[PDB]
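Just below is one structure, and these are the notes that go with it.
Just so it is clear, none of the values below were taken in a lab; they were calculated from the coordinates. Cβ: placed from backbone, ideal geometry, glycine included. Neighbour counts: every protein chain shown.
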Amino acid sequence: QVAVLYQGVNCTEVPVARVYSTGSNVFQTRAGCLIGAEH
Amino acid sequence: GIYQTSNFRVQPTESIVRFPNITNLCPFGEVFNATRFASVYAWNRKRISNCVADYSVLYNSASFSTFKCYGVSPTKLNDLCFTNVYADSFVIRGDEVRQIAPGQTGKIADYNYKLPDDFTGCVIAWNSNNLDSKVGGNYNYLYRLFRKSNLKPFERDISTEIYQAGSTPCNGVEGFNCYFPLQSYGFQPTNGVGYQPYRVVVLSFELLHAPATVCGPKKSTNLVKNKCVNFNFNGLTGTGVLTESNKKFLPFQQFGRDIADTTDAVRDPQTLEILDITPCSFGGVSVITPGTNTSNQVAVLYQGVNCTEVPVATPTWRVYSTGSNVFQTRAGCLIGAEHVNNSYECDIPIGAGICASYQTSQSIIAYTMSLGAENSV
Amino acid sequence: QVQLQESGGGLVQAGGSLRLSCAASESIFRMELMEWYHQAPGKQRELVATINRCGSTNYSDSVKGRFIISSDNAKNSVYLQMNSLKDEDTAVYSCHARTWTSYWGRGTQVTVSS
Amino acid sequence: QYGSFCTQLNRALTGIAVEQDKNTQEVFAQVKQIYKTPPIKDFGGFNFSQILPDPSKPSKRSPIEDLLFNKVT
Amino acid sequence: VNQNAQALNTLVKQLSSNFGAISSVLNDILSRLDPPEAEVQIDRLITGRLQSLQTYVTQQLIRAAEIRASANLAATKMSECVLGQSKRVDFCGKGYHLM
Amino acid sequence: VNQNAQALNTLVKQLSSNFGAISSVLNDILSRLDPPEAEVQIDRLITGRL
Amino acid sequence: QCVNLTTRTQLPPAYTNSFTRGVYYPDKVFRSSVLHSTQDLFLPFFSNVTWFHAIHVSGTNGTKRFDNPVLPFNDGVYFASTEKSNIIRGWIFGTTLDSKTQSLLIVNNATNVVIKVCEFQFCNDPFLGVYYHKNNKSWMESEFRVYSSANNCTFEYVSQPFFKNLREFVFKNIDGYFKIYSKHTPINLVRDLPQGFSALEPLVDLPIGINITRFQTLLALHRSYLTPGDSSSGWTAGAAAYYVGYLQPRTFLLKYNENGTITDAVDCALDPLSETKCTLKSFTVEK
Ligand SMILES: *[C@@H]1O[C@H](CO)[C@@H](O[C@@H]2O[C@H](CO)[C@@H](O)[C@H](O)[C@H]2NC(C)=O)[C@H](O)[C@H]1NC(C)=O
Ligand SMILES: *[C@@H]1O[C@H](CO)[C@@H](O)[C@H](O)[C@H]1NC(C)=O
Ligand SMILES: *[C@@H]1O[C@H](CO)[C@@H](O)[C@H](O)[C@H]1NC(C)=O
Ligand SMILES: *[C@@H]1O[C@H](CO)[C@@H](O)[C@H](O)[C@H]1NC(C)=O
Ligand SMILES: *[C@@H]1O[C@H](CO)[C@@H](O)[C@H](O)[C@H]1NC(C)=O
Ligand SMILES: *[C@@H]1O[C@H](CO)[C@@H](O)[C@H](O)[C@H]1NC(C)=O
Ligand SMILES: *[C@@H]1O[C@H](CO)[C@@H](O)[C@H](O)[C@H]1NC(C)=O
Ligand SMILES: *[C@@H]1O[C@H](CO)[C@@H](O)[C@H](O)[C@H]1NC(C)=O
Ligand SMILES: *[C@@H]1O[C@H](CO)[C@@H](O)[C@H](O)[C@H]1NC(C)=O
Ligand SMILES: *[C@@H]1O[C@H](CO)[C@@H](O)[C@H](O)[C@H]1NC(C)=O
Ligand SMILES: *[C@@H]1O[C@H](CO)[C@@H](O)[C@H](O)[C@H]1NC(C)=O
């Protein structure tokens, strides 16, 4: 299991940006968009 | 002190050539002596393989108006080898001979014969006024003047549909904005030199990593092993020492590369044997010396090399040079210095615990460095 | 779109027959793992049946003999047929998948009448 | 035709080469003599066999030295 | 060790690029062409290889300076923490230093 | 002192190289060619000296 | 000549995966103990490969048909066949598969495999009749019912006359050259290709230099067309089969062993973990 991090982008353009596969725990941080990890 | 002065390398003592076993003659007479040449749009294709070819005869035949070459000098063509040769021919006016060269735009260039920008090969053009021109006019050669889009390089277009210049669909019927797909050539002797018939032949080579079949005229030498020799296997050249390699080559494999830029192994073309490739030898030359104030005798160090080969490594202070103890060290072989058992503090470092100094058969002496006086508490 | 939707839940008397069917938009085959989870009220979630990509199938001890998990490769989904239903089988069923990140579905509350 | 661009590169590499040996000499050549522990290990109950040299091994190293040497490839 | 090895390997790998030429191997260019274009290719090859060498040398110099700083610190530690007893706190390990 | 002096001397010595150009003197190239190719020669020299 | 097929029926096509299947040596060179990254047309890992039963069986009682539709040829086709009775016997390639344009014929026969490049006149149902039990004795008698007329035989190659098994084939048509990569492997109880890893070596490079867009398959007509026999005309009721894959532009990281044989590889564009592996040029990644 791995988690991807996008640098400095709102978690709104990440879908239309290895598919994202819709919204599944799209927790957002100051570093950017974090995918695949629970808070 | 110690100074790095220059570098040495074993000179190649021999050059060998190994070429395939083919003994056929390539049929250039057929392609160049053909009475009838194809049209511009269709042209022709004739692969050539499994034969020897003498390009010198074609070059010096002096019956060709143009002999321009791209990616290769025509003079060296005999030396080189290729997998196969593709030959194409057609007829073109003297004015339009320019449009054959790649990276150029022209009606012929854009609609009949497009050459790739990275094209390797040569194009041969010579006038055929006395052959392809008739008094009544040779109209058998066709002219394509309109196409929907520019053709891809090395692409043949044969469709004879009637292109629609305007909005009206021709539907296979000529008329307004509908023209004949392939116009005719007005080849008459009355036409000017720029309109005279010229027969154009283009030769394309395939310099690809594969067994060659169109090697030029050359003789195969014998395999000498365990020595620094210039080798030329199937066109590729180099210099090194070749030995017997145990690498189990696959039947479809030819070369061997481990660091992706060195061909450490190769297969002989005639005898299907695998042999590894190693660079002959090299290294820097360093000179050990006390101050010139002291004396003039000096000792040389060939760094990082077996010194069995250093006699064969004009100044030439080697060969006849036997010294007194040409003894190997981890840094290499030391020439002109005497080995001593007694240990002293180091003053002129060499490496791996070896130190040299000048004191009262050769003046310069080498020894293992002493860390200092011993003591016991 | 819900990348994995589940269907088949509802009320049923004990000893009946039922077929939980959860379908996923993505290929069921590169997903590498299908599994089913049901949690009893007042109890923790537990695994029911797992089917890996290779084809190995495992069932819980209270699952053997009756519940069989299957996946037809015509409409991408996974099938789970229930029979000989008993009352403690009543729970909230959810099918789990994990290609390289957990996925979950909702619904399918089964009730066994006794 | 590019002049003497080669010489400075050779010189810089040689300078680095000398600097490495200078570093080693400075960091380790701190004692002018060589001492040896007495064969008697009577140190009031203090044991140093872990850090003292081991004559049995082919390389005169302490066991810790052996472990460290085998660790780094 | 890994950084030095990787830098060396990267330097070796640069030998296979074309730098805008028609082949990355010098011998084939020499054996295939005439001087009036041989040098036209060799100049580009030389420029590319030179600039890669320059990059490698600069990086090596910086790394050497850093290693030298580390070595100087190690030498001071050798001189103080081992040959005597130092009162500087946290210089020879956490807590009061003994030997 | 020696390192500084030698570096300076190496810098000044580089002025005599051609870098693939016709000649290493700006004035001679300017005094013999028209702008179209004089530009090429100065381009090569500029690259090398930079 | 060509004869018609009587019973057709239908059955929805099936699917299966090709996990780590269909890898071939890109170039002809030798490596050893070095992982190397290449870039060529490969079959993507975990791909949806179509499934065809050689005998389109409507019922195991004996209702049979041939599953041989014309299929596209888009930048390569991955072909493999598991079988026990040599049902597959060749393929035809082209654009329209008619006498108008040239087509490539490659067919295996009970005597020898034959390679021809002519303007054949293909029928709707080309096949190879088999009379294994049609005659009195049990012996192998074949039948040629592929095309009607052949013209402009530009190229010709023939061979000398002569427990499920997989036979992978990879076809690629570039620069006017046709490439064939094959491999043989014994196998058992495999309704679908099993998982593992194998390398396909080149078999022959061949300079047809024509246009291929579509292709079909040649099968063995174990039955007759008028009246085969009692029932179960197809062998083992459609157990013989083959699968079709489509290669796409990808980027792979092949790993060579000490013997120079490819052992494992990864798909750089499948999941973030593989992207990391390709970037770090290793098969193991630390925290
Ligand atoms: C110093 O310590 C070492 C261990 O670090 C002791 O060596 C051990 O000796 C006992 C019995 O003599 C053996 O059973 C162990 O196997 C030894 N260990 C090792 C690692 O060799 C040694 O005896 C100690 N010496 C003193 C004087 O205390
Ligand atoms: C993302 O967009 C929403 C839209 O209103 C906004 O509220 C939020 O602040 C944005 N986040 C960042 C990090 O810009
Ligand atoms: C942490 O606790 C707060 C309540 O104090 C809650 O609102 C929040 O959702 C919790 N965070 C998570 C990740 O559950
Ligand atoms: C071709 O090879 C064979 C054996 O390898 C040899 O006998 C024959 O002489 C070769 N051909 C020529 C023209 O030398
Ligand atoms: C055509 O053939 C003749 C003899 O067959 C030969 O002398 C002549 O050189 C050939 N033409 C060319 C262009 O070489
Ligand atoms: C160099 O030689 C001169 C003349 O023999 C001598 O006076 C001088 O001392 C020498 N220098 C050294 C450093 O010995
Ligand atoms: C190279 O030197 C070694 C000594 O370390 C010797 O054993 C070996 O035979 C030498 N090789 C040759 C080719 O002289
Ligand atoms: C040193 O002495 C040994 C005898 O113990 C002898 O074998 C060796 O050759 C000597 N070496 C030198 C350099 O005198
Ligand atoms: C993949 O194959 C499955 C059969 O299991 C099918 O349902 C699905 O539609 C296919 N998906 C694609 C993208 O071809
Ligand atoms: C093919 O052969 C037919 C006669 O069999 C002939 O009419 C036609 O021109 C030929 N075409 C080519 C391209 O050879
Ligand atoms: C191949 O045939 C198709 C017709 O089906 C045509 O559109 C295409 O241009 C052809 N390709 C080439 C390279 O001639």
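Please name all residue pairs, on different chains or six or more residues apart, with Cβ atoms under 9 Å, provided the first residue is in the range D:46-57 and is of a type in the set (A, V, I, L, M) and the second residue is part of a loop (DSSP other than H, G, I, E, B). Hits for this filter: D:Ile51/D:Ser62; D:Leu52/D:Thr37; D:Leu52/D:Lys41; D:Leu52/D:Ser62. Just so you know, in the range G:197-232 the residues that are polar (S, T, N, Q) and under 30 Å from G:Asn74 (Cβ atoms) include one that is farthest from the other protein chains (Cβ to nearest Cβ), and it is G:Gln216.
For G:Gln39, the conditions (1) in contact with a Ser or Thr (Cβ under 7 Å, 6 or more places away or on another chain); (2) under 30 Å from G:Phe120 (Cα atoms); (3) surrounded by fewer than 17 Cβ atoms within 10 Å (Cβ to Cβ) all hold with the exception of (2). The single condition among (1) in contact with a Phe, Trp or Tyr (Cβ under 9 Å, 6 or more places away or on another chain); (2) surrounded by fewer than 12 Cβ atoms within 10 Å (Cβ to Cβ); (3) within 14 Å of chain F (Cβ to nearest Cβ) that D:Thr7 does not satisfy is (1).
Please state which one of B:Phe233, B:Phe180, B:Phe176, B:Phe187 is aromatic (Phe, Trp, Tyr) and either closer than 29 Å to G:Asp27 by Cα or within 14 Å of chain E (Cβ to nearest Cβ) (or both).
B:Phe233
Just to be sure before I move on: is D:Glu65 of a type in the set (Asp, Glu), surrounded by 12 or more Cβ atoms within 10 Å (Cβ to Cβ) and either at positive phi or within 14 Å of chain F (Cβ to nearest Cβ) (or both) in the structure I sent? The answer is no for D:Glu65.
Yes/no matrix, rows are residues, columns are (1) surrounded by fewer than 11 Cβ atoms within 10 Å (Cβ to Cβ); (2) within 10 Å of chain D (Cβ to nearest Cβ); (3) within 16 Å of D:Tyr2 (Cα to Cα):
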{"residue": "F:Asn4", "(1), (2), (3)": "yes, no, no"}
{"residue": "F:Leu15", "(1), (2), (3)": "no, yes, yes"}
{"residue": "F:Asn18", "(1), (2), (3)": "no, yes, yes"}
{"residue": "F:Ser23", "(1), (2), (3)": "no, no, yes"}
{"residue": "F:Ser31", "(1), (2), (3)": "yes, no, no"}
{"residue": "F:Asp34", "(1), (2), (3)": "yes, no, no"}
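Give all pairs with beta carbons closer than 8 Å in which a residue from the range D:24-44 that is within 14 Å of chain E (Cβ to nearest Cβ) meets a residue that is surrounded by 10 or more Cβ atoms within 10 Å (Cβ to Cβ) and in a loop (DSSP other than H, G, I, E, B); count only pairs at least 6 apart in sequence or on separate chains. These pairs meet every condition: D:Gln30/E:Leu83; D:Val31/B:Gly372; D:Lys32/B:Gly372; D:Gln33/B:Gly372; D:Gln33/B:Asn375; D:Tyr35/B:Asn375. Name the residues in the range G:139-179 that are loosely packed, with under 15 Cβ neighbours inside 10 Å and either within 16 Å of ligand 2 (Cβ to nearest atom) or of a type in the set (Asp, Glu) (or both), would you? Correct list: G:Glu141, G:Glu156, G:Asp175. Residues that are β-branched (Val, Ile, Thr) and either within 16 Å of ligand 2 (Cβ to nearest atom) or closer than 22 Å to G:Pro26 by Cα (or both) within the range B:253-285 comprise B:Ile259, B:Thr262, B:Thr263, B:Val266, B:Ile274, listed in sequence order.
Do you know which residues across the range B:324-362 are within 14 Å of chain D (Cβ to nearest Cβ), under 46 Å from the mean Cα position of the chain (by Cα) and either among the basic types (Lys, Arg) or within 12 Å of ligand 8 (Cβ to nearest atom) (or both)? Selection gives B:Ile354 alone. So, D:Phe28, is that one more than 16 Å from ligand 11 (Cβ to nearest atom), of a type in the set (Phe, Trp, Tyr) and under 22 Å from E:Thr76 (Cβ atoms) or not? The answer is yes for D:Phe28. Listed conditions (1) away from ligand 11 (no atom under 16 Å from the Cβ); (2) within 14 Å of another protein chain (Cβ to nearest Cβ); (3) not polar (S, T, N, Q) are all met by G:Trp91, apart from (2). The strands (runs of 3 or more DSSP E) located wholly in the range G:91-183 that include 3 or more residues which are in contact with a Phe, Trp or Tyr (Cβ under 8 Å, 6 or more places away or on another chain) occupy G:103-107, G:114-118, G:122-130, G:142-147, G:165-174.
Scanning the range D:36-59 for any residue that is more than 16 Å from ligand 8 (Cβ to nearest atom), under 17 Å from the mean Cα position of the chain (by Cα), among the basic types (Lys, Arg) and part of a loop (DSSP other than H, G, I, E, B) turns up nothing. Within the range B:295-313, the presence of at least one residue that is in contact with a helix residue (DSSP H, G or I) (Cβ under 6 Å, 6 or more places away or on another chain) and crowded, with 17+ Cβ neighbours inside 10 Å is confirmed.
Every condition in (1) over 20 Å from G:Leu43 (Cα atoms); (2) more than 14 Å from every other protein chain (Cβ to nearest Cβ) is met by G:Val190 except one, and the failing one is (2).
Selection of the range G:1-33 for residues being assigned to a loop (DSSP other than H, G, I, E, B), more than 16 Å from ligand 9 (Cβ to nearest atom), hydrophobic (A, V, I, L, M, F, W, C) and out of contact with any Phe, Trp or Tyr (no Cβ under 6 Å at 6 or more places or on another chain) yields G:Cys2, G:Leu5.
Looking at G:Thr63, G:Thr16, just one residue is of a type outside the set (D, E, K, R) and within 14 Å of another protein chain (Cβ to nearest Cβ), and that residue is G:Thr16. The set of residues in the range B:292-311 being within 16 Å of ligand 7 (Cβ to nearest atom), in a loop (DSSP other than H, G, I, E, B) and away from chain D (no Cβ under 14 Å) consists of B:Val305, B:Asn306, B:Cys307, B:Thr308, B:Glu309. Among the candidates B:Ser61, B:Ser89, single out the residue that is surrounded by fewer than 18 Cβ atoms within 10 Å (Cβ to Cβ) and more than 16 Å from ligand 6 (Cβ to nearest atom). It is B:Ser61.
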